[PDB]
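# Close look at the chain arrangement
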Amino acid sequence: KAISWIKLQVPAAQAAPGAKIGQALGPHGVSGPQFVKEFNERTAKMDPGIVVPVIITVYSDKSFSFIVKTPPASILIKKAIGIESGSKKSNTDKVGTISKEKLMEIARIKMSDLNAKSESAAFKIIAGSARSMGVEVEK
Amino acid sequence: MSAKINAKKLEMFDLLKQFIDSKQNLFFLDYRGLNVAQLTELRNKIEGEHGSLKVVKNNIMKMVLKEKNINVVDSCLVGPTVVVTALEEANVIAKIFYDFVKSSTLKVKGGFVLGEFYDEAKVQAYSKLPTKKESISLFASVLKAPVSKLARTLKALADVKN
Amino acid sequence: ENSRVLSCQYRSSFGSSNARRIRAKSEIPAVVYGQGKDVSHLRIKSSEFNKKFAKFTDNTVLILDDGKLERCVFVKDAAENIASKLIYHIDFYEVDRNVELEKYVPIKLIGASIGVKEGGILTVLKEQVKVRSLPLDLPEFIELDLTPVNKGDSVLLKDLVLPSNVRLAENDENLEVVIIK
Amino acid sequence: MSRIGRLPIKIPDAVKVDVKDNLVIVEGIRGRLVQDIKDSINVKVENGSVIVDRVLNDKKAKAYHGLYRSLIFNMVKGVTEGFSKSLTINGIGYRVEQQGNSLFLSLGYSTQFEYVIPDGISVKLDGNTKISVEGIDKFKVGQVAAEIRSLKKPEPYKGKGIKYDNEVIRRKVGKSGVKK
RNA sequence: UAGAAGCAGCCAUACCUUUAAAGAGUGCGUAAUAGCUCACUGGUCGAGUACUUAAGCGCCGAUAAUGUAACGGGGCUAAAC
């Protein structure tokens, strides 16, 4: 069993054992530098600077298993459509358009962390996230 | 204020009846304390195994089974019980249930395979039992065992004249 | 079909004091006129009227049975005291049960429209539509769902899905009932 | 009325119950308890069980239904299993000790409190900061535990005082919680 | 915004999925989470319950200075309506 469960967001290609990583790793007796090295090794194949979510389970035997899932969907959509800062009035002030093909590709890519059984359902989850961020749905 | 409840209950009964008529084999599991993640993983495993597991109202399920000629002990419906219909791999479903019972507190309260009300012991035996392909492989191995023994004995006897 | 039937019996009191006594006995004085007949003075059970026609409009039509005859009547008027929720007179306009007739009927808007969702402007050009039917089949109100109506879309009168024996009567069939710009 | 008033009363084998002339006697392994029952309610012992009903349907009788059902139930559970309510003494220098049929409490006051224990009730210690009152009557047990708690009611700044074990004390802050 | 991880604050929550059922979260409380709870739904139990409307009597609101002192008194659960 895992003694501690930690959920964090990390900068892909920039995983270092600074204050944040040390605070995350020290509470559960987990090697913060080892976790940072594993995160860098995993996120080398990820976009540099991308905030990849990380779920870490630290057992009683001091071992920690840390998995970096698909990065934030809001971050991925903002990168795709050139969105850096989320539009405040996401209901009216559209920040951009989320293309149908781009949404389908993003949903297929992030289907690992999405619990849907249909590609249409995954694309709908992506589109709902885009609407919540304020991105106008692509027709 | 009661027609709407009647309509919702009728729709639930119809969906449950469709599942019960589509499922060749059925089982009921008491999953009290089975966490959200554990339930999601168990449902994913059942879906991969082709079974459909879902929570069904005890009274509605009992009425539907009484209509459909399912004469099981009501103790199976006693307790929050997810009904899982498996039509192809009953051994696989039982093995998955046993694995969940090992890795969590879920219990296989009742079972119904070929209209046979399987109690705790019968359900455990069925779950430990393997599938049809594995059974064929085991029967083939058992049948070939005498042939392999005879061939080995003949080889040893022939060598013993060296 | 019962829920459109109403039991009455004749009254011969005809006074303010008499009407007050009737309403104390928990009934409603009422009169029926139309079709050139002599006016019929009758009384109605208040509990029955409340139970059945708690939502009556100008276009509601119903059946009066005095045990010996049937009448098809509109609720032409109803004198209501708002403070005490008290009906204290009913006017029933009779019509012929088999004569086609016209009547403006209001619309009821349902659903959330995609256009208004995305920045459309509701403009309810028409609050009612002239329809045509026999009295017993007149629609109380005609429904309209806006959900598929996207931006820059107007609603044609033919687009209104209508009850079975109800038919449009507008001279301008192509006028728009509600627009979303 | 409501289902507690009509819910039947099971009788343990070791426990005997008897009803007569507006009185009930319940004799068990650990003692004997008595109760008055009002005229409007009738109590019956049949088939090793106790049932209660009402001759009338006035609201006094409605309430009495449940009241006497519950009392007789607690009257039977006591004679079989006895009632016990426990307490904890928390705080610097607070102590409790026992001598015979009385308890001595050190609770910060300039006098050491003696406490006569009423008859029919026993007191059990666990070290010098844990108490448990046991007895035949739930009413008496609650009374004693309450009066002991009143000897030094708890406080919210540090949890000091005499608390019911099941109780949860809402807690405030003092100096350093207001830190800016 | 510095934080806002459901709970300073802006916007909707036409955000989807596994859906039994889970709200862009009901409250408590954390700089920020964290943490504890609820709507929500499942099992044990086994009929009325939950919100309102109109009337007949009632409750609190009710509160000055020589002495009970706002039934004439005694008293009255009718000897009240």
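Structure determination for the deposited model, as stated in its record, used cryo-EM, and the stated resolution is 2.86 Å.

### Some remarks on the overall build of chain A
Assigned secondary structure in chain A consists of five helices and five strands. Ordered by position from N to C terminus, the α and β elements of chain A give β-α-α-β-β-α-β-α-α-β. Here the C-alpha coordinates of chain A stretch approximately 50 × 30 × 25 Å along the principal axes. Here the contacts in chain A between residues at least 6 apart in sequence split such that 68% fall between residues at least 24 apart.

### As for the overall build of chain B
What chain B contains, in helices and strands, is six helices and five strands. Along chain B, helices and strands appear, N-terminal first, in the series α-β-α-β-α-β-α-β-β-α-α. For chain B, the C-alpha radius of gyration of 22 Å lies well beyond 15 Å, the compact-globule estimate for 162 residues. The principal-axis extents of the C-alpha atoms in chain B amount to approximately 95 × 35 × 25 Å. For chain B, restricting intrachain contacts to residue pairs at least 6 apart in sequence, the fraction spanning at least 24 positions comes to 91%.

### Considerations on unusual backbone geometry
Despite not being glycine, B:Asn69 has its phi angle at roughly 75°, a positive value. Along the chain, B:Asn69 falls in the loop between α3 (58-67) and β3 (81-86). Within the chain, C:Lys85 stands out as a residue other than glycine whose phi angle is a positive 55°. Along the chain, the position of C:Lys85 falls in the loop between β5 (70-81) and β6 (86-94).

### Thoughts on the sheet that holds strand β8 (residues 122-123) of chain C
Residues and elements named next belong to chain C. Sheet architecture is open: three strands sit in the order β8-β13-β11, paired in antiparallel fashion. Two strands lie at the open edges of the sheet, namely β8 and β11 (153-156), each paired on one side alone. Examined bridge by bridge, β11 and strand β13 (residues 176-180) share three bridges and lie antiparallel to one another. Note that in β13 the partner of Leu 156 across the bridge is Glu 176.

### Observations regarding the packing of aromatic side chains
Taking 6.5 Å as the distance between ring centres and 35° as the angle between the ring planes, the aromatic pair formed by C:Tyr33 and C:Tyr93 counts as tilted. Of the two residues, C:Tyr33 sits in strand β2 (residues 27-33) while C:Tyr93 sits in strand β6, which places them 60 residues apart along the sequence. Centre to centre, the rings of C:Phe49 and C:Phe53 are 5.8 Å apart; their planes meet at 35°, and the pair counts as tilted. Highlighted residues: C:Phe49 and C:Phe53, both in helix α2 (residues 46-53), separated by four residues, approximately one helical turn. In this structure an aromatic cluster arises from ring pairing among C:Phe49, C:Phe53 and C:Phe56. A cation over an aromatic ring shows up here: C:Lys108 above the ring of C:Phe141, its NZ or CZ 4.7 Å from the ring centre. Over the ring of D:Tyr164 we find D:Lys85, and its NZ or CZ is 3.5 Å from the ring centre.

### Some thoughts on the sheet that holds strand β5 (residues 116-118) of chain B
All names here are of chain B. Sheet architecture is open: five strands sit in the order β2-β3-β1-β4-β5, paired in antiparallel fashion. Each end of this open sheet is capped by a strand with a single partner; those strands are β2 (52-55) and β5. Strand-to-strand, the axes of this sheet are offset by a mean angle of 20°, without reference to chain direction. Across six bridges, the pairing between strand β1 (residues 25-30) and strand β4 (residues 107-113) is antiparallel. Counted as the bridge partner of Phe 27 is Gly 111 from β4.

### As for the arrangement of the chains
Spatially, chain A is disjoint from chain C: no contact exists, and the shortest C-alpha separation is 8 Å. Nowhere do chain C and chain D come into contact; their C-alpha atoms are at least 31 Å apart.

### Some details on the pattern of salt bridges
A salt bridge links D:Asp53 to D:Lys44; its shortest N-O distance comes to 2.3 Å. The salt bridge partner of D:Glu97 is D:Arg95, with a shortest N-O separation of 3.3 Å.

### Some remarks on the environment of C:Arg11
Residue and element names in this part refer to chain C. Inspection of the secondary structure puts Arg 11 in the loop between β1 (5-10) and α1 (16-24). A C-alpha to C-alpha distance of 9.2 Å links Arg 11 and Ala 30, two positions 19 residues apart in sequence. Apart from the residues lying within four places of it in its own chain, the contact partners of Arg 11 are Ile 22, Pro 29, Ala 30, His 41, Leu 42, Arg 43 and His 89. A distance of 3.5 Å separates a polar side-chain atom of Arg 11 from the backbone oxygen of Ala 30.

### With respect to helix α5 (residues 119-133) of chain A
Between the first and last C-alpha of α5(A) there are 21 Å, a value that for 15 residues agrees with the 21 Å anticipated at 1.5 Å per step. Once α5(A) finishes, A:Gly134 follows within two positions and takes phi at roughly 100°, a positive value.

### Regarding the pairing of strand β5 (residues 41-46) of chain D
Residues and elements named next belong to chain D. When β5 meets strand β6 (residues 49-54), the two strands line up antiparallel, connected through six bridges. Following the sheet pairing, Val 43 is matched in β6 by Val 52. Where β5 folds back on β6, the antiparallel hairpin that results is connected by two residues, among which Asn 47 adopts a positive phi of roughly 50°.

Definitions and cut-offs
- Residues numbered from 1 in each chain as written, not as in the entry; some residues may be left out.
- Chains lettered and ligands numbered in written order.
- Part of a larger assembly, values for the part shown.
- Heavy atoms only, no water.
- Residues with missing side-chain atoms left out of burial classes, pairs and counts.
- Helix = DSSP H or I, 4+ residues; strand = E, 2+ residues; numbered from the N terminus.
- Contact = heavy atoms within 4.5 Å.
- Rg over C-alpha atoms; globule rule 2.2 N^0.38 Å.
- Pairing = 2+ DSSP bridges.
- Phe/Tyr/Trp six-rings, centres within 6.5 Å; stacked < 30°, edge-to-face > 60°.
- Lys NZ or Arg CZ within 6 Å of the ring centre and 35° of its normal.
- Axes fitted to C-alpha atoms, helices over the stretch in contact; angles between N-to-C directions.
- Salt bridge = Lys/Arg side-chain N within 4 Å of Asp/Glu carboxyl O.
- Polar contact = N/O pair within 3.5 Å; in protein donor to acceptor, adjacent residues only side chain to side chain.
- Expected span 1.5 Å × (residues − 1).

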